[PDB]
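Engineer: Structure in structure tokens, see below.
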Number of protein chains: 2
Amino acid sequence: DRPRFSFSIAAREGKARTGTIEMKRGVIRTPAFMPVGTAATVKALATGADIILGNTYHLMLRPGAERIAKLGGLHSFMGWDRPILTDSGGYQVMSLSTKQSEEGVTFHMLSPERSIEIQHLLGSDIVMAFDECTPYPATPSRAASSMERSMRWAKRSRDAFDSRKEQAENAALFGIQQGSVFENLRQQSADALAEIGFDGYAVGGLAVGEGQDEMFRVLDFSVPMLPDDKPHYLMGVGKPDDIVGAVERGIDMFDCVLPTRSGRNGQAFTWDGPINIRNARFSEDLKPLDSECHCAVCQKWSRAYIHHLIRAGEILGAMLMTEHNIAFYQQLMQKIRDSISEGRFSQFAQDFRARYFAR
Amino acid sequence: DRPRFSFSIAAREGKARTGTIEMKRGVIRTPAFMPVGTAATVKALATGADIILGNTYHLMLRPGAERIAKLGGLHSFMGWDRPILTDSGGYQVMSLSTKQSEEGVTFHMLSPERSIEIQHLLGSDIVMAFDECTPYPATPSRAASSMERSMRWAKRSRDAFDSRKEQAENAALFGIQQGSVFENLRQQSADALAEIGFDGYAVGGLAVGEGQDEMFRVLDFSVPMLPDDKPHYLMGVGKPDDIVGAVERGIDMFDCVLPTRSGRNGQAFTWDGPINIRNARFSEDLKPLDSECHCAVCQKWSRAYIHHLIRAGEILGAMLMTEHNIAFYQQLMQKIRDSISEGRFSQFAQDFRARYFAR
Ligand SMILES: Cc1ccc(CCc2c3nc[nH]c3cc3c(=O)[nH]c(N)nc23)cc1
Ligand SMILES: Cc1ccc(CCc2c3nc[nH]c3cc3c(=O)[nH]c(N)nc23)cc1
Ligand SMILES: [Zn+2]
Ligand SMILES: [Zn+2]
């Protein structure tokens with residue numbers, strides 16, 4: 001059948017690439033948007049996807065990784081038979097929960113070994129190494145010390161993953177680059193990860209308050225340090241314009257939680273920029289959320305009706321907004337893939353920004 | 001094409017009837033459950049219906065009946081091309097908002113004439129007369145005075161409806177019986193409504209705290225006072241067992257808001273009674289919400305997953321619960337219609353109660 005893990009690049013334009021990841025549970029077209037699976041009914045890729053996210057930090061607390069395993073794993077639990085990616089829980093413990101040491105983080109304990117076992121019990125297909133997302137801003141010394149611990153933890157994550165036969169033979173493991181905003185530390189981190197060897201490489205430690213200009217600056221030198229022949233996952237990013245610029249700099253995978261969060265608060269993404277549907281200017285607007293969007297919501301209902309539902313406190317309004325936002329991001333990713341494949345991505349990015357920041 | 005309004009009875013068992021209402025926008029199979037249209041995406045009848053409810057009291061306040069008319073009416077607004085029923089707003093003004101007089105109710109003014117015009121602007125197909133839902137309990141004198149005012153208002157509602165050509169020719173008007181729990185006042189009210197003449201007759205003034213035994217007692221003598229050859233709508237009812245007992249007493253139409261409210265609070269309806277999915281006993285339950293339910297939710301997801309979603313605060317959990325509850329009520333109505341048509345409704349009601357109140 002399909003291999004455990006293959007990445008093939010079908011077309012390139014500058015630093016941008018488009019291709020496919022093959023795994024046992026399915027194919028992932030890249031650049032890929034990976035939505036959380038619990039925010040709406042995600043279908044096989046529209047309000048769908050090739051791969052969804054599990055929420056390791058939440059699941060290890062409710063109902064617990066052992067219970068998820070008892071219930072058949074996340075694929076059975078969520079009714080999703082395609083690939084699933086889980087984070088290692090390190091970022092979320094530090095953001096939401098903490099006592100740190102070389103062994104791991106107490107808050108329950110979380111270590112590289114326990115993080116890998118938790119992701120094993122959940123049954124995810126893409127497993128993230130257990131890292132430390134360095135806070136921003138950070139001094140060079142603090143960023144270096146943090147990156148060095150993350151690299152020791154990456155080696156421990158590799159070894160823990162390899163010691164579980166079912167996981168080593170059926171899942172894939174991604175290493176996470178750290179180093180804050182410092183080119184020399186980003187290089188040393190990429191070097192360390194490449195020596196250990198991973199199936200994919202994530203750019204960690206961004207989307208931590210640095211702003212888009214700084215994030216793009218860091219991606220300019222950081223992504224080329226990663227192995228070219230493996231997928232590149234930018235964690236925590238982001239807005240549609242973040243995605244286009246990150247693809248321009250060689251990123252292949254994205255996890256944006258914004259579209260599934262924005263929907264509950266009334267924010268809809270459109271080709272003309274985001275709008276807040278609760279605003280009174282939409283109370284009589286008979287256009288769909290976006291006039292070109294092909295999602296089920298825009299095929300049927302107006303801005304005026306979704307405005308009404310959300311203002312009325314109807315959960316239906318938020319669900320429709322969420323379904324539209326997920327669909328818009330997937331339509332964005334499809335246009336990105338098509339334009340790279342056709343050698344017109346540079347023009348697309350230009351056209352996208354001009355319209356997105358016009359209105 | 002179809003007539004403005006026809007009701008045909010296809011089969012009877014005791015006082016129970018099953019049949020069809022024909023209107024210009026579609027056919028309604030009876031006994032019918034009429035869900036609110038804003039609680040989930042309701043499809044053509046499953047998580048669907050032959051007719052949905054509009055919320056007159058909410059709509060006249062946000063965005064206003066004139067604005068709904070400017071947007072094309074509720075059918076265009078909600079994307080629903082089949083029949084729509086609206087209440088007259090009298091109950092809701094008194095429950096949720098008040099100064100009453102023979103002219104109407106100030107809170108905005110609401111009169112029989114204004115209520116009919118509001119329902120005209122909304123474009124509903126079944127229009128309710130403007131009544132006063134008598135509070136419970138009520139003395140005979142207070143119940144009589146209230147019923148008598150409602151009957152004068154029913155005549156004013158009839159005249160207002162008939163004076164709007166588009167409405168008189170394309171919609172239907174239902175009169176509402178009052179009289180609290182008093183047989184002689186229920187009779188006088190039915191007499192008054194029959195002399196005015198309506199397309200259907202509602203039993204009003206119940207589901208106001210009287211309890212199921214008292215409600216059934218009042219239906220025992222009240223429903224036979226209404227014209228047999230016209231549909232009978234019990235307003236505000238109710239639980240599944242309320243519906244079965246009310247069909248046994250000659251009711252044809254129901255509006256239950258409970259299934260669309262219960263879903264948000266974790267209550268699911270099953271053939272074994274209601275359950276609260278948030279209860280810890282469902283955290284590892286791999287069965288669907290109901291093992292016989294044919295809805296999309298029970299085809300795909302477990303109690304354990306819906307429990308997880310709701311406990312996690314995910315709006316998806318409440319939406320799935322709502323979709324299941326709407327579907328369960330429609331499956332209930334289908335079994336009621338089939339069993340009356342097959343002459344086995346008495347046995348069905350017996351079997352239903354024995355299982356529903358067992359667990
Ligand atoms: C469900 C879910 C969605 C997204 C994430 C990714 C969370 C996330 C970041 N989010 C913003 N910036 C981020 C940086 C890192 C990082 O450096 N390391 C890890 N392990 N995760 C990150 C985790 C869980
Ligand atoms: C959206 C919506 C749903 C349901 C209703 C029906 C509201 C309702 C009653 N609810 C409980 N008991 C009820 C009695 C009456 C009544 O006597 N008169 C009217 N006009 N409505 C009633 C109105 C609006
Ligand atoms: Zn859309
Ligand atoms: Zn169901």
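Ordering of the structure tokens sets the chain letters (A, B, ...); residue numbers start at 1 within each chain; ligands are numbered from 1 in the order shown.
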Select, as a ChimeraX atom specification, those residues of chain A with any atom no more than 9 Å from chain B (distances computed using only C-alpha atoms).
Structural biologist: /A:38-41,58,62-63,67-68,70-71,76-79,264,283-286,300-302,304-305,308-309,311-312,314-319
Engineer: Find the residues near ligand 4. Use a cut-off of 12 Å, count only C-alpha atoms and all ligand atoms, and write them as a ChimeraX atom specification.
Structural biologist: /B:46-47,263,268-271,287-303,306,319-332
Engineer: Once chain A has been least-squares superposed onto chain B, matching all their Cα atoms in order, can you return it as a compact mmCIF listing (two decimals) with C-alpha atoms, in the first residue's frame?
Structural biologist:
# COMPACT_ATOMS: atom_id res chain seq x y z
CA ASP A 1 -50.93 24.12 -8.78
CA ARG A 2 -51.52 23.27 -5.13
CA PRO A 3 -54.43 25.01 -3.36
CA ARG A 4 -54.02 27.81 -0.85
CA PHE A 5 -55.02 25.36 1.87
CA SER A 6 -56.43 21.85 2.00
CA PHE A 7 -56.50 19.35 4.84
CA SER A 8 -57.28 15.71 4.05
CA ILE A 9 -57.49 12.91 6.61
CA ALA A 10 -56.09 9.64 5.27
CA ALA A 11 -56.54 7.39 8.31
CA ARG A 12 -57.94 7.46 11.84
CA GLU A 13 -57.54 5.38 14.99
CA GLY A 14 -59.75 6.47 17.86
CA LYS A 15 -59.31 10.23 18.10
CA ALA A 16 -55.91 10.09 16.34
CA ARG A 17 -55.71 11.14 12.69
CA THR A 18 -53.05 11.19 10.02
CA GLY A 19 -53.20 13.15 6.82
CA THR A 20 -51.80 16.01 4.77
CA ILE A 21 -52.09 19.77 4.61
CA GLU A 22 -51.65 21.07 1.07
CA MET A 23 -50.43 24.64 0.63
CA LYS A 24 -48.92 26.53 -2.28
CA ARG A 25 -45.37 26.11 -0.99
CA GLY A 26 -45.66 22.41 -0.12
CA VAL A 27 -47.37 19.49 1.60
CA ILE A 28 -47.29 18.99 5.38
CA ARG A 29 -47.69 15.44 6.67
CA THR A 30 -49.68 15.25 9.93
CA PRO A 31 -49.21 14.75 12.79
CA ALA A 32 -46.38 17.20 12.19
CA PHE A 33 -43.48 18.51 14.23
CA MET A 34 -42.62 22.11 13.30
CA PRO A 35 -39.08 23.09 14.39
CA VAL A 36 -37.72 26.59 14.72
CA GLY A 37 -35.70 27.31 11.61
CA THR A 38 -32.79 29.13 13.26
CA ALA A 39 -31.63 26.35 15.59
CA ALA A 40 -29.93 24.26 12.90
CA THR A 41 -29.91 23.92 9.15
CA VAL A 42 -33.31 22.30 8.63
CA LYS A 43 -33.62 20.34 5.38
CA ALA A 44 -36.64 19.26 3.37
CA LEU A 45 -38.09 16.30 5.26
CA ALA A 46 -34.30 13.42 9.46
CA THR A 47 -32.87 16.77 10.51
CA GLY A 48 -35.63 18.33 8.48
CA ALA A 49 -39.31 19.15 8.32
CA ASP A 50 -42.27 19.94 6.09
CA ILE A 51 -42.74 23.34 7.77
CA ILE A 52 -40.61 25.48 10.10
CA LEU A 53 -41.39 28.20 12.64
CA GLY A 54 -40.46 31.86 12.43
CA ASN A 55 -40.03 33.79 15.68
CA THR A 56 -42.40 36.75 15.28
CA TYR A 57 -41.56 38.34 18.62
CA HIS A 58 -37.82 38.29 18.01
CA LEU A 59 -38.06 39.28 14.36
CA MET A 60 -40.26 42.32 14.97
CA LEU A 61 -37.52 43.62 17.31
CA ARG A 62 -34.45 42.48 15.32
CA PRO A 63 -34.26 43.45 12.49
CA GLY A 64 -37.92 44.46 12.33
CA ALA A 65 -40.68 43.15 10.09
CA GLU A 66 -40.22 45.96 7.56
CA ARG A 67 -36.54 45.09 7.16
CA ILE A 68 -37.32 41.38 6.73
CA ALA A 69 -39.78 42.39 4.01
CA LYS A 70 -37.10 44.60 2.41
CA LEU A 71 -34.79 41.54 2.36
CA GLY A 72 -37.39 39.48 0.48
CA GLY A 73 -39.35 37.95 3.35
CA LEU A 74 -38.46 35.09 5.67
CA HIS A 75 -38.42 32.44 2.93
CA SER A 76 -35.63 34.22 1.06
CA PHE A 77 -33.97 35.38 4.29
CA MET A 78 -33.68 31.89 5.79
CA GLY A 79 -33.27 30.04 2.48
CA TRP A 80 -36.43 27.98 3.05
CA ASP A 81 -38.90 27.68 0.16
CA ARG A 82 -41.46 25.47 1.98
CA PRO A 83 -44.26 26.56 4.40
CA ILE A 84 -43.50 28.72 7.43
CA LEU A 85 -45.72 29.22 10.49
CA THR A 86 -45.47 32.33 12.66
CA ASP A 87 -47.06 32.96 16.03
CA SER A 88 -48.95 36.19 16.63
CA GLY A 89 -46.51 37.52 19.25
CA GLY A 90 -49.06 37.80 22.04
CA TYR A 91 -47.74 34.94 24.17
CA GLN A 92 -44.13 36.04 23.81
CA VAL A 93 -44.71 39.72 24.59
CA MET A 94 -46.43 38.70 27.83
CA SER A 95 -43.78 36.14 28.76
CA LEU A 96 -40.56 37.95 27.81
CA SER A 97 -41.06 41.74 27.56
CA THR A 98 -46.34 45.40 29.21
CA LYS A 99 -49.60 47.40 29.17
CA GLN A 100 -52.77 45.68 27.97
CA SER A 101 -56.06 47.15 26.74
CA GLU A 102 -58.86 46.29 24.35
CA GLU A 103 -56.79 47.82 21.53
CA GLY A 104 -53.80 45.53 22.12
CA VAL A 105 -50.56 45.39 24.08
CA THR A 106 -47.90 48.08 24.46
CA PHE A 107 -44.44 47.01 25.58
CA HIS A 108 -43.89 49.06 20.29
CA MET A 109 -47.62 48.35 20.08
CA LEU A 110 -49.08 44.96 19.24
CA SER A 111 -52.73 44.70 18.18
CA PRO A 112 -54.62 42.09 16.14
CA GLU A 113 -54.20 44.34 13.09
CA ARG A 114 -50.49 44.99 13.63
CA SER A 115 -49.81 41.33 14.39
CA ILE A 116 -51.41 40.25 11.11
CA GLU A 117 -49.46 42.91 9.18
CA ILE A 118 -46.20 41.86 10.81
CA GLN A 119 -46.84 38.24 9.80
CA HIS A 120 -47.70 39.50 6.32
CA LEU A 121 -44.38 41.38 6.02
CA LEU A 122 -42.54 38.27 7.21
CA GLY A 123 -44.32 36.30 4.47
CA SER A 124 -45.44 33.37 6.54
CA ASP A 125 -47.82 30.74 5.16
CA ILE A 126 -49.67 29.86 8.36
CA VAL A 127 -50.63 32.98 10.31
CA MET A 128 -51.82 32.76 13.90
CA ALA A 129 -54.60 34.98 15.23
CA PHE A 130 -53.57 37.50 17.87
CA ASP A 131 -54.70 36.15 21.24
CA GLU A 132 -54.03 36.40 24.95
CA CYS A 133 -52.56 33.27 26.55
CA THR A 134 -54.38 33.25 29.88
CA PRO A 135 -52.04 32.78 32.88
CA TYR A 136 -52.24 29.64 34.96
CA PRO A 137 -53.88 29.26 37.34
CA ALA A 138 -56.88 31.50 36.59
CA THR A 139 -60.26 31.95 38.26
CA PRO A 140 -63.35 31.25 36.13
CA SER A 141 -64.09 34.98 35.90
CA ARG A 142 -60.57 35.94 34.83
CA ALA A 143 -60.40 33.04 32.38
CA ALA A 144 -63.75 34.06 30.87
CA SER A 145 -62.86 37.75 30.54
CA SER A 146 -59.54 36.81 28.91
CA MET A 147 -61.12 34.28 26.55
CA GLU A 148 -63.80 36.80 25.52
CA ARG A 149 -61.19 39.43 24.66
CA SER A 150 -59.25 36.81 22.70
CA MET A 151 -62.40 36.02 20.74
CA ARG A 152 -62.97 39.67 19.88
CA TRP A 153 -59.30 39.80 18.83
CA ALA A 154 -59.81 36.68 16.71
CA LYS A 155 -62.54 38.46 14.75
CA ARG A 156 -60.26 41.47 14.30
CA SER A 157 -57.47 39.10 13.19
CA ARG A 158 -59.79 37.47 10.63
CA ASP A 159 -60.80 40.85 9.22
CA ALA A 160 -57.22 42.17 9.05
CA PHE A 161 -56.05 39.00 7.29
CA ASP A 162 -58.92 39.15 4.76
CA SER A 163 -58.17 42.79 3.90
CA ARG A 164 -54.68 42.01 2.54
CA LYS A 165 -55.22 40.36 -0.85
CA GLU A 166 -51.78 38.76 -1.12
CA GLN A 167 -52.18 37.26 2.35
CA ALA A 168 -55.82 36.18 1.99
CA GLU A 169 -55.11 34.42 -1.32
CA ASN A 170 -51.79 32.69 -0.47
CA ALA A 171 -51.58 32.16 3.31
CA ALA A 172 -53.85 30.51 5.88
CA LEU A 173 -55.18 31.76 9.22
CA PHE A 174 -55.54 29.69 12.40
CA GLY A 175 -57.77 30.64 15.32
CA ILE A 176 -56.66 29.94 18.89
CA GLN A 177 -58.99 28.48 21.52
CA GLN A 178 -58.65 29.79 25.09
CA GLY A 179 -60.67 29.17 28.25
CA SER A 180 -57.97 27.94 30.64
CA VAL A 181 -59.00 24.59 32.21
CA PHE A 182 -62.77 25.22 32.12
CA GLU A 183 -64.93 23.09 29.85
CA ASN A 184 -67.73 25.64 29.45
CA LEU A 185 -65.27 28.40 28.49
CA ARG A 186 -63.44 26.08 26.10
CA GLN A 187 -66.80 25.34 24.46
CA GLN A 188 -67.74 29.01 24.16
CA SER A 189 -64.34 29.76 22.66
CA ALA A 190 -64.57 26.94 20.11
CA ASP A 191 -68.10 28.15 19.24
CA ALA A 192 -66.85 31.69 18.68
CA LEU A 193 -63.94 30.56 16.51
CA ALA A 194 -66.14 28.29 14.39
CA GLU A 195 -68.61 31.13 13.77
CA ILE A 196 -65.78 33.38 12.57
CA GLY A 197 -64.27 30.53 10.56
CA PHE A 198 -60.57 29.65 10.27
CA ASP A 199 -58.38 27.34 8.22
CA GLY A 200 -57.09 25.56 11.33
CA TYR A 201 -57.69 25.67 15.07
CA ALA A 202 -55.07 25.82 17.79
CA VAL A 203 -55.50 24.79 21.41
CA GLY A 204 -53.97 27.73 23.27
CA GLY A 205 -53.46 28.46 26.93
CA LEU A 206 -51.79 25.14 27.80
CA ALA A 207 -48.14 24.30 28.48
CA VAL A 208 -48.28 27.14 31.00
CA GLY A 209 -47.30 25.13 34.08
CA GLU A 210 -50.42 22.96 34.48
CA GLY A 211 -48.67 19.58 34.28
CA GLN A 212 -49.25 16.73 31.88
CA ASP A 213 -52.22 15.09 33.64
CA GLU A 214 -54.15 18.37 33.69
CA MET A 215 -53.18 19.13 30.09
CA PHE A 216 -54.45 15.73 28.94
CA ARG A 217 -57.66 16.24 30.94
CA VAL A 218 -58.25 19.58 29.20
CA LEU A 219 -57.50 18.07 25.78
CA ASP A 220 -59.97 15.23 26.46
CA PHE A 221 -62.93 17.62 26.25
CA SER A 222 -61.40 20.54 24.30
CA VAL A 223 -60.22 18.95 21.03
CA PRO A 224 -63.63 17.40 20.14
CA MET A 225 -65.11 20.92 20.34
CA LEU A 226 -63.03 22.00 17.36
CA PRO A 227 -64.14 21.28 13.78
CA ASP A 228 -63.16 17.71 13.02
CA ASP A 229 -62.36 18.44 9.37
CA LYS A 230 -59.65 21.03 10.10
CA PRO A 231 -56.15 20.67 11.58
CA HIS A 232 -55.67 20.92 15.35
CA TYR A 233 -52.48 22.62 16.60
CA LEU A 234 -51.45 22.27 20.27
CA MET A 235 -49.25 25.27 20.99
CA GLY A 236 -46.13 24.98 23.12
CA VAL A 237 -46.08 21.15 23.37
CA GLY A 238 -43.81 19.45 24.01
CA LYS A 239 -41.91 16.41 25.28
CA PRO A 240 -42.13 13.19 23.23
CA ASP A 241 -44.62 11.69 25.68
CA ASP A 242 -46.66 14.91 25.50
CA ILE A 243 -46.84 14.49 21.74
CA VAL A 244 -47.93 10.85 21.80
CA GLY A 245 -50.69 11.54 24.31
CA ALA A 246 -51.82 14.65 22.46
CA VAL A 247 -52.03 12.73 19.17
CA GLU A 248 -54.16 10.17 21.05
CA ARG A 249 -56.52 13.05 21.81
CA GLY A 250 -56.78 14.37 18.24
CA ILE A 251 -53.89 16.85 17.84
CA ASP A 252 -52.30 17.21 14.38
CA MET A 253 -49.53 19.84 14.78
CA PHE A 254 -46.79 20.57 17.34
CA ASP A 255 -44.10 23.26 17.73
CA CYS A 256 -41.81 21.86 20.51
CA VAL A 257 -38.96 24.28 21.27
CA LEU A 258 -37.53 21.82 23.84
CA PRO A 259 -35.50 19.69 21.36
CA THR A 260 -33.72 22.78 20.01
CA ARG A 261 -33.17 24.19 23.52
CA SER A 262 -32.23 20.91 25.23
CA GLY A 263 -29.35 20.34 22.82
CA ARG A 264 -27.38 23.35 24.04
CA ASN A 265 -27.65 22.16 27.66
CA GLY A 266 -26.55 18.60 26.95
CA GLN A 267 -29.94 16.84 26.86
CA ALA A 268 -30.51 14.25 24.13
CA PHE A 269 -33.80 12.48 23.44
CA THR A 270 -33.74 8.70 22.93
CA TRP A 271 -36.29 5.90 22.73
CA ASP A 272 -35.16 5.00 26.27
CA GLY A 273 -35.88 8.49 27.59
CA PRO A 274 -33.80 11.65 27.73
CA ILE A 275 -30.15 11.58 28.75
CA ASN A 276 -27.72 14.34 29.68
CA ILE A 277 -24.64 13.67 27.59
CA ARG A 278 -22.43 15.73 29.93
CA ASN A 279 -22.78 13.05 32.61
CA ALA A 280 -19.54 11.21 33.30
CA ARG A 281 -21.26 7.87 32.62
CA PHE A 282 -21.07 8.68 28.89
CA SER A 283 -17.34 9.48 28.77
CA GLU A 284 -16.50 5.95 27.53
CA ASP A 285 -19.84 5.01 25.91
CA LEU A 286 -19.19 4.03 22.30
CA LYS A 287 -22.88 3.71 21.40
CA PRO A 288 -24.50 6.50 19.37
CA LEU A 289 -26.91 8.86 21.09
CA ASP A 290 -29.68 6.41 20.18
CA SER A 291 -29.04 2.94 18.77
CA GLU A 292 -32.00 3.03 16.36
CA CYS A 293 -31.83 6.68 15.29
CA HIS A 294 -31.08 7.17 11.59
CA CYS A 295 -29.73 10.72 11.86
CA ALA A 296 -26.34 11.71 10.50
CA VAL A 297 -24.94 12.15 14.01
CA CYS A 298 -25.80 8.63 15.14
CA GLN A 299 -24.51 7.18 11.89
CA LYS A 300 -21.04 8.53 12.62
CA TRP A 301 -20.27 9.55 16.22
CA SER A 302 -20.42 8.08 19.72
CA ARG A 303 -21.89 9.40 22.94
CA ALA A 304 -18.29 9.50 24.20
CA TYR A 305 -17.24 11.98 21.49
CA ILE A 306 -20.30 14.23 21.82
CA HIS A 307 -19.76 14.17 25.60
CA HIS A 308 -16.15 15.24 25.00
CA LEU A 309 -17.11 18.09 22.68
CA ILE A 310 -19.75 19.57 25.00
CA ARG A 311 -17.54 19.24 28.07
CA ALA A 312 -14.77 20.99 26.08
CA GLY A 313 -17.05 23.93 25.30
CA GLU A 314 -17.04 23.13 21.59
CA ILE A 315 -20.04 24.57 19.78
CA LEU A 316 -19.89 21.51 17.49
CA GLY A 317 -21.13 19.36 20.37
CA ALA A 318 -24.27 21.42 20.87
CA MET A 319 -24.93 21.55 17.12
CA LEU A 320 -24.68 17.76 16.82
CA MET A 321 -26.99 17.32 19.81
CA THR A 322 -29.51 19.73 18.27
CA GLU A 323 -29.40 18.00 14.90
CA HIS A 324 -29.97 14.64 16.58
CA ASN A 325 -32.89 15.94 18.68
CA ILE A 326 -34.65 17.48 15.68
CA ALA A 327 -34.13 14.21 13.81
CA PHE A 328 -35.44 12.12 16.70
CA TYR A 329 -38.65 14.16 16.88
CA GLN A 330 -39.16 13.76 13.13
CA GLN A 331 -38.56 10.01 13.41
CA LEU A 332 -41.12 9.99 16.22
CA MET A 333 -43.65 11.80 14.04
CA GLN A 334 -43.04 9.37 11.17
CA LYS A 335 -43.65 6.37 13.43
CA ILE A 336 -46.82 8.04 14.70
CA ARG A 337 -48.06 8.64 11.15
CA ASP A 338 -47.19 5.13 9.99
CA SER A 339 -48.78 3.46 13.01
CA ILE A 340 -52.04 5.42 12.68
CA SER A 341 -52.08 4.62 8.96
CA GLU A 342 -51.59 0.92 9.75
CA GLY A 343 -54.13 0.85 12.59
CA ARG A 344 -51.50 0.08 15.25
CA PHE A 345 -51.07 3.47 16.94
CA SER A 346 -52.65 2.28 20.20
CA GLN A 347 -50.03 -0.46 20.45
CA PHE A 348 -47.26 1.95 19.45
CA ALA A 349 -48.22 4.42 22.17
CA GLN A 350 -48.23 1.59 24.70
CA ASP A 351 -44.86 0.28 23.51
CA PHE A 352 -43.40 3.79 23.36
CA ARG A 353 -44.33 4.67 26.96
CA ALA A 354 -43.15 1.35 28.40
CA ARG A 355 -39.68 1.79 26.92
CA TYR A 356 -39.46 5.58 27.30
CA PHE A 357 -40.24 5.49 31.03
CA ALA A 358 -38.28 2.28 31.70
CA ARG A 359 -34.83 3.88 31.44
Engineer: Could you tell me, as a PDB file with C-alpha atoms, in the first residue's frame, which residues of segment 21-114 of chain B DSSP assigns to strand (DSSP E) when given the backbone?
Structural biologist:
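Dumped to states.pdb:
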ATOM      1  CA  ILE B  21     -52.091  19.773   4.610  1.00  0.00           C
ATOM      2  CA  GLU B  22     -51.646  21.075   1.066  1.00  0.00           C
ATOM      3  CA  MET B  23     -50.426  24.643   0.628  1.00  0.00           C
ATOM      4  CA  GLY B  26     -45.658  22.409  -0.121  1.00  0.00           C
ATOM      5  CA  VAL B  27     -47.367  19.494   1.599  1.00  0.00           C
ATOM      6  CA  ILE B  28     -47.294  18.992   5.380  1.00  0.00           C
ATOM      7  CA  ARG B  29     -47.691  15.436   6.673  1.00  0.00           C
ATOM      8  CA  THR B  30     -49.683  15.250   9.930  1.00  0.00           C
ATOM      9  CA  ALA B  32     -46.379  17.202  12.187  1.00  0.00           C
ATOM     10  CA  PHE B  33     -43.481  18.514  14.226  1.00  0.00           C
ATOM     11  CA  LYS B  43     -33.615  20.344   5.377  1.00  0.00           C
ATOM     12  CA  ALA B  44     -36.635  19.262   3.372  1.00  0.00           C
ATOM     13  CA  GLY B  48     -35.630  18.332   8.479  1.00  0.00           C
ATOM     14  CA  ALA B  49     -39.306  19.149   8.316  1.00  0.00           C
ATOM     15  CA  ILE B  52     -40.615  25.483  10.104  1.00  0.00           C
ATOM     16  CA  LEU B  53     -41.388  28.203  12.641  1.00  0.00           C
ATOM     17  CA  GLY B  54     -40.464  31.862  12.426  1.00  0.00           C
ATOM     18  CA  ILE B  84     -43.500  28.716   7.430  1.00  0.00           C
ATOM     19  CA  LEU B  85     -45.716  29.219  10.488  1.00  0.00           C
ATOM     20  CA  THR B  86     -45.471  32.329  12.662  1.00  0.00           C
ATOM     21  CA  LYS B  99     -49.599  47.403  29.171  1.00  0.00           C
ATOM     22  CA  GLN B 100     -52.773  45.678  27.968  1.00  0.00           C
ATOM     23  CA  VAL B 105     -50.556  45.395  24.079  1.00  0.00           C
ATOM     24  CA  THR B 106     -47.902  48.084  24.464  1.00  0.00           C
ATOM     25  CA  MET B 109     -47.623  48.350  20.083  1.00  0.00           C
ATOM     26  CA  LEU B 110     -49.076  44.955  19.236  1.00  0.00           C
TER      27      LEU B 110
END
Engineer: As a ChimeraX atom specification, which residues of segment 206-332 of chain A does DSSP assign to alpha helix (DSSP H)?
Structural biologist: /A:212-222,240-248,258-262,296-300,303-311,315-332
